[PDB]
Structures are given as C-alpha cells and as structure tokens.
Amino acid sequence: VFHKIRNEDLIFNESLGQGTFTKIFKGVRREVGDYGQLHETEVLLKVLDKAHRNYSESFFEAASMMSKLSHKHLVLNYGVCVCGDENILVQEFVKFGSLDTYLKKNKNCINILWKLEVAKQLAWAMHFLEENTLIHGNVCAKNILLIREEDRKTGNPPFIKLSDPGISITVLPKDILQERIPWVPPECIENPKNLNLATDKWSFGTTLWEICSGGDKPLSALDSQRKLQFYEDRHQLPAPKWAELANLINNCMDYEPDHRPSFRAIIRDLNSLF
C-alpha cells in the first residue's frame, strides 16, 4: 500500500518539531528518479514515538487515505522505511513549512488578498475531499504547508498544500482532544464517534481564524477546563481584527453540525468578498 524505502537511502538531519506522539526531521533520500538519473531529494521524516507504538494503526492509515487520492493541494507521501523498531513516514519536504509559524513571521505584512487566496486554496482542497467523502479530521494552520510564497514580481499567489491528519481523534486521549479545542468540534469533544465530514467545516473555520489572526492561537490563554466550558456555554471565537471573514468563521463554526455550510457554498462566499 506504501512504497517501501531503504534505510540506507534515508539520512536523518535536523529536528523540525513534533506532532501528536511523533517527531519530525528534515531528511535526505537518495533515489533513482526519471530516466535512471540519481537524485538526492530532501524529504520530511515523521517518526512515531517508541513509547506510543499502539497508535501505528491510525498513524499510517491517515497517511494512506490521503495518498490514495492525488490532488494539487494534498501533500505527497513517498512511503515508509523498513527499519523494524521504527515507524517512519517519508513525505515531501515543503520549502516554507507550516502556515501558522509563517503567519507569525509576517504578521504586519500579509494583506487581506493573501489571506483570501490561501482560504480559497484550502477550501478547494476541502471541497475535493468532500466530493470523495474522505474525512480529514485535523484541519489546522500547523497542517497547512506553504509550497511557494507570493511572487511579488509576477503577482503570483502563494500556494499551499494540506498535510496528513495523523492519529485519529477517535483513538487519541481526551486531554489531547481538549487541547485541540477549538479545532476539534464540540460534538467530537462530547463523543469522538461524531467524527463526520461536518467536523472539517468547523476546523476550517478555526483555521480561517488563525489565517486572519497573525499566527495567534485561538483560546491559547484558556486551560483545558475553561476551553471545555467555552463549548458548554456555546461561545464563539472573537472576531479577527481583519474581520472580512468573521461571518464565514461563525457559519462554519456552527454548534449544529448539519447547519455547517458546504465547501461549495464556502467557496462561493469566499469568491463574493472582493
């Protein structure tokens, strides 16, 4: 199901961070490309923790489901490595990394048309998954990767890709799900079996908030318990200073899952502004 990649062809380099029960490294893979030519291609290496090996089922399924579909806005997986005592995903290395760190580093420089253009690309990706009834389950700005920046010469827009969702929130512990508030929908915080395509409409709304809030994290100042009570009080995220998308955020973040707008209608609202 996954292309098998040789240990000897994978050189692990610098730590780039970590996700849920994973460590992330920038890497180097030696490979025969097209025409027989040998390449040294940089790769991203996602290693499942040596202590949480029980989650390997979901870990690789999440990369597997995305990999079965091919789309310009979904990150490419090259495969796994036959290491034995390790579980390593070999994924495409995106030049500029996660969108949330990028938005911090350019707070006072991303204008509204940049945020709009990134929102349309993400909504296009989500609509694609929706047509295929594939649930992502972890839509956030950390899982958005910037392939290219705005070519202020050609006025060329930024291009983004959506990374894999990682271990499902259906098997992950509550504490993890409660720290993922307000990306994890209230219904999944009440019962993780509520994971549905509507979950991705809620998380897209929270991502749109992050894209409009210069790398700021929603409910960061709130501890797990207070975040849990934010949902019990049916509260809504504060409107971003750049409030050109606050209505779409509130419409996508509807406490009633079946009232959440389709990605087709979201794209139409995104195209109506400007």
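A residue's number is simply how far along the shown sequence it sits, counting from 1.
Comparing 154-162 with 122-130, the stretch with the higher mean C-alpha B-factor in the PDB entry is 154-162. Taking the PDB entry as given, 79-87 carries the higher mean Cα B factor of the two stretches 93-101 and 79-87. When the C-alpha B-factors of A221, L44, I249, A243 are read from the PDB record, the largest value belongs to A243. Highest C-alpha temperature factor among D200, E117, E187, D175, as the PDB entry reports it: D175. Ranked against the other modelled residues of its chain, the C-alpha B-factor of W209 as given in the entry falls in the lowest third. Sort the modelled residues of the chain by CA B factor and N191 lands in the highest third. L113: CA B factor lies in the middle third for its chain, per the PDB record.
Among the modelled residues of the chain, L10 sits in the highest third by CA temperature factor in this PDB entry. When all modelled residues of the chain are sorted by CA temperature factor, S168 is found within the middle third.
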